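Notes follow once the structure below has been shown.
Cβ atoms come from the backbone with ideal geometry, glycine included; neighbour counts cover every protein chain shown. Derivation of every value follows stated rules applied to the coordinates shown; laboratory data play no part.
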Amino acid sequence: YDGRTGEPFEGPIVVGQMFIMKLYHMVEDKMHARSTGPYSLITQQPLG
Amino acid sequence: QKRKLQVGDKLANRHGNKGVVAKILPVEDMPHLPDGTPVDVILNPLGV
Amino acid sequence: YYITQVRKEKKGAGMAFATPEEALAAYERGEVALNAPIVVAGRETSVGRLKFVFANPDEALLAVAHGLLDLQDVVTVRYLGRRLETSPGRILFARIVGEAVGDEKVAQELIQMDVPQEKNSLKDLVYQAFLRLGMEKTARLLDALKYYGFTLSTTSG
Amino acid sequence: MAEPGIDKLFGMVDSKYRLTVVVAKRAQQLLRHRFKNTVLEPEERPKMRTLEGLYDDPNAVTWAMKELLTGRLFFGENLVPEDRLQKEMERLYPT
Amino acid sequence: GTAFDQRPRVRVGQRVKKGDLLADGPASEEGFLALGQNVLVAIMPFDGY
Amino acid sequence: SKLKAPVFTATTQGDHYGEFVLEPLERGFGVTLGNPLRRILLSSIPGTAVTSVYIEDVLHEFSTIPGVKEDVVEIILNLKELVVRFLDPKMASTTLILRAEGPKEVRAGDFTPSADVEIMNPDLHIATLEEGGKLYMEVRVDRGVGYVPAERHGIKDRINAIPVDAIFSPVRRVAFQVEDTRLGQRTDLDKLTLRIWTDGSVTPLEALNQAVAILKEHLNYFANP
Amino acid sequence: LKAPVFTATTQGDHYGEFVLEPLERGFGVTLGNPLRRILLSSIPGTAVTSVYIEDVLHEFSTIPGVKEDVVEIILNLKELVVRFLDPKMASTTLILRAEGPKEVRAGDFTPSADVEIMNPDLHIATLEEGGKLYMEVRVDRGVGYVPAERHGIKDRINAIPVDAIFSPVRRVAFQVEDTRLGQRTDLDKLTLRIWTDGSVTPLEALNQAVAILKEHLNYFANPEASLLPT
């Protein structure tokens, strides 16, 4: 049954319990964005 | 740091159906059995 | 695909006609007490083509809203400037490409109207569009299709 | 929702890159004078939606493309020398 | 960086089975392996999501 | 709780079709209003439609009208594309009438002059007769709600007339879609756009208003008696 | 075309069916859902919002003579449901003191003038010989699901804010069935079921729920920037 609109999904859907894992990766640890700042004194390009 | 599922995280099952949570829906949406119980995760057939 | 694929029920060998299976009245009344379900073959027609005769896609798709036909039932319909035999969903795909490109005509001209769309149908649609109307339009077409594709494949489930 | 009017814009020019270069070169001047430089003015200027009413779109290049699209500007490949180009430029309220 | 942590699975004043779960591990539910959740699923397309 | 009363823009053409955009609605409410309205919109607005036709000379939709350049089918359909407004607010039935020339092409505004009943789209290409062409018609118009096929009602005004499918519903198309909009830090708030196409008859906006009133009315039945 | 018969099987504070008997064709869902929608989402309730435990500083801690740890104790508290009574009551603070060999269990809370624990029983902390506790658990009035990371709590420090699952509505389903009310062999009989944690009634939820739909419906009021290209 469609949540958005009580109207039934036309033609049956396989539904059931499936064991599902959460993996080592997460967006938390990824996702970074810089505008400016720390320029290395050695290579002179932004780093760290 | 408690973590909690997040758009960008990746769930897998025992049969190697890996993938990223790309949208959390509030229960108002979500396909639901007639008894009222909503499902939890909506997995795409095109994957199989 | 699902929205443009055309049903094919089988119950009904003694049926369709140049000259009526008996009369039209009882060809149609044939369906109601079992025997020959809607979009069945034969020669010339189907109870679908005589139970449903629409003036507008508008009249058609509305008939689909109230629980009457199914996008993919074959039905007499007057799209543009002819009585088409089509299915209301083939009408609908036609609308989509149309609406969201500008010319309801050029669309109908490009669209492989009499056949379910698939990867190749559709790729070639895109190319064809690009060539005729500039990318701007072909972008809209794209998104339009991307959208209706998604939702349609859901509702159908 | 591809670039507004770009099919027309590509046709205006020989080599497409020329198009870029004009858009750029214009969005350039159109910036280095507070937009007191527009050709399109009246009720042609592009605008912005808000928590507030229609304000002057602040995108030079967006303006530059709308501008160009009206035939009201010209592409000198070599017309008017670069020495005289920065001359009468800093004039009509520049600083 | 995972958080290994044991939880007691046994009550005060209870007889223990030979060598049976006194406590669970990090990915363990009453002695059995628990790498995740089982959870109500539906195999269908959503809206491009 | 939070979130202020939204803003409701309406942009219209003036007979058929208008867009309606009530803006920042909390996550979810987009559909919550949008869909029920569409349901009501397509289903329960009162209108009028041709419901039965008598053609002098010839029963069956599947006949030959001679002298007519078209044929019964295109007429039935043509008729369905006719809209008529009932000025007389008590009447719940009317019959229309036609008398046809020789070399001429009959518009819908060539009906029976009849006052009290207002043909909304005077053009419309109803039929066409050849040199020495004869067409007489008795077309029944009825008050109603949805789209009601002939195979249901079976209106028999005569013992010769063929009954048509009823599209008594001034709304011809409802298409609505909720996209996300932003207020401050909040980028995922509902924004519902309602697109109503009605035959020049009842306006889209009127359509919408009627539609709301039906749902509200109905919602008041959830009052403990 | 008649007006419909309204019915209600309000038995307890939890659970209650509601029937509208002869509805026009298709109206079952037309009503059922926006209601269902508004129900599961928007009817205001209450939740524990944060906790003080005696000698606890963060969640990832443990308390001696307590088989539980702060995390698991919190996952418990979440489930606790406090019925309020005074409508002035915006936010209380519950206080539970526990000791010795006791299974601490909600109902072991301190009773308060305007507070009814709706689900006593319910585990909170199994305590072994030598276990104290003293909790200061704060219940606020909110709506929907507010994650602990969003709200934060300054009921002193070592406070550990708690995820807020407000909705009293526990589940909703609705039934569009065939009716016997002498018209067409094509009418509707709606029956919305509704389950709730007895803090608010199916009936109340339903009433607030319609209230909300109405309020919202009336946003279609007097429209703005009109006229479209010729």
statement: Within region G:169-180, residues surrounded by 15 or more Cβ atoms within 10 Å (Cβ to Cβ) and more than 14 Å from chain B (Cβ to nearest Cβ) come out as G:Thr179
message: List pairs: first residue in region C:139-157 and closer than 23 Å to C:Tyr127 by Cβ and more than 8 Å from chain E (Cβ to nearest Cβ), second residue of a type in the set (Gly, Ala, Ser) and surrounded by 19 or more Cβ atoms within 10 Å (Cβ to Cβ) anywhere in the structure, Cβ distance under 9 angstrom, at least six positions apart or on different chains.
response: C:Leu141/C:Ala107; C:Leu141/C:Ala129; C:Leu142/C:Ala129; C:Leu152/C:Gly89
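Condition check ((1) under 16 Å from the mean Cα position of the chain (by Cα); (2) surrounded by 20 or more Cβ atoms within 10 Å (Cβ to Cβ); (3) free of Cβ contacts under 8 Å to residues at least 12 places away in the same chain) across all residues:
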residue: C:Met15; (1), (2), (3): no, no, no
residue: C:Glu22; (1), (2), (3): no, no, yes
residue: C:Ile38; (1), (2), (3): yes, yes, no
residue: C:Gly42; (1), (2), (3): no, no, no
residue: C:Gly48; (1), (2), (3): yes, yes, no
residue: C:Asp58; (1), (2), (3): yes, no, yes
- prompt: What do you reckon, is D:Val39 touching a residue at least 12 places away in the same chain (Cβ under 8 Å) and surrounded by 13 or more Cβ atoms within 10 Å (Cβ to Cβ)?
  reply: yes
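Being surrounded by fewer than 19 Cβ atoms within 10 Å (Cβ to Cβ) and out of contact with any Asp or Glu (no Cβ under 6 Å at 6 or more places or on another chain) narrows it down to one residue among G:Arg36, G:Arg97; which is it?
On the way: G:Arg36 fails: surrounded by fewer than 19 Cβ atoms within 10 Å (Cβ to Cβ).
Only one candidate passes the filter, namely G:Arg97.
Inside region A:14-27, can you point out the residues that are more than 13 Å from E:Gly36 (Cα to Cα) and at the interface with chain B (Cβ under 7 Å from one of its Cβ atoms)?
Listed by number, the residues that qualify are A:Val15, A:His25, A:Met26, A:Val27.
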- prompt: Pick from region F:102-125 the residues that are assigned to a loop (DSSP other than H, G, I, E, B) and among the aliphatic types (A, V, I, L, M): which of them is nearest to F:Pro170 (Cα to Cα)?
  reply: F:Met120
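If only one of F:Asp15, F:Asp71, F:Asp57 is surrounded by fewer than 22 Cβ atoms within 10 Å (Cβ to Cβ), more than 9 Å from chain G (Cβ to nearest Cβ), acidic (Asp, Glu) and touching a helix residue (DSSP H, G or I) at 6+ places or on another chain (Cβ under 9 Å), which one is it?
F:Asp15
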message: I need the full set of residues from region G:126-161 which are within 12 Å of another protein chain (Cβ to nearest Cβ), among the aliphatic types (A, V, I, L, M) and part of a strand (DSSP E or B), in order please.
response: G:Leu127, G:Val146
message: Quick test of your reading of the structure: D:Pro58 fulfils all but one of (1) in contact (Cβ under 8 Å) with a residue 24 or more places away in the chain; (2) under 29 Å from F:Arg182 (Cβ atoms). Name the failing condition by number.
response: (1)
Residue count, region E:29-49 (criterion: under 15 Å from A:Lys22 (Cα atoms), assigned to a loop (DSSP other than H, G, I, E, B) and within 7 Å of another protein chain (Cβ to nearest Cβ)): 1
query: Listed residues F:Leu192, F:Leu183; which is of a type outside the set (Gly, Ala, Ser), more than 14 Å from chain C (Cβ to nearest Cβ), surrounded by fewer than 20 Cβ atoms within 10 Å (Cβ to Cβ) and over 17 Å from C:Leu62 (Cβ atoms)?
result: F:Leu183
task: Could you identify the single residue in F:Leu129, F:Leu124, F:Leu135 that is of a type in the set (A, V, I, L, M, F, W, C), touching a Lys or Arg at 6+ places or on another chain (Cβ under 7 Å) and crowded, with 18+ Cβ neighbours inside 10 Å?
output: F:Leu129
- prompt: Considering region C:65-85 alone, what residues qualify as being within 11 Å of C:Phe52 (Cα to Cα) and either out of contact with any helix residue (DSSP H, G or I) (no Cβ under 8 Å at 6 or more places or on another chain) or among the hydrophobic types (A, V, I, L, M, F, W, C) (or both)?
  reply: C:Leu68, C:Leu69, C:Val74, C:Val75, C:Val77
- request: Pull up region G:212-226, narrow it to residues that are over 17 Å from G:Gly144 (Cα atoms) and more than 7 Å from chain F (Cβ to nearest Cβ), then point me to the one that is surrounded by the fewest Cβ atoms within 10 Å (Cβ to Cβ).
  value: G:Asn222
- line: Residues of region C:52-75 being in contact with a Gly (Cβ under 9 Å, 6 or more places away or on another chain) and more than 9 Å from chain F (Cβ to nearest Cβ), in sequence order, are C:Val64, C:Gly67, C:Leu69, C:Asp70, C:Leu71, C:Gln72, C:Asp73, C:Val74, C:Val75
message: Looking at F:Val164 and the list (1) within 13 Å of chain C (Cβ to nearest Cβ); (2) in contact with a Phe, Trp or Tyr (Cβ under 7 Å, 6 or more places away or on another chain), which single condition is not satisfied?
response: (2)
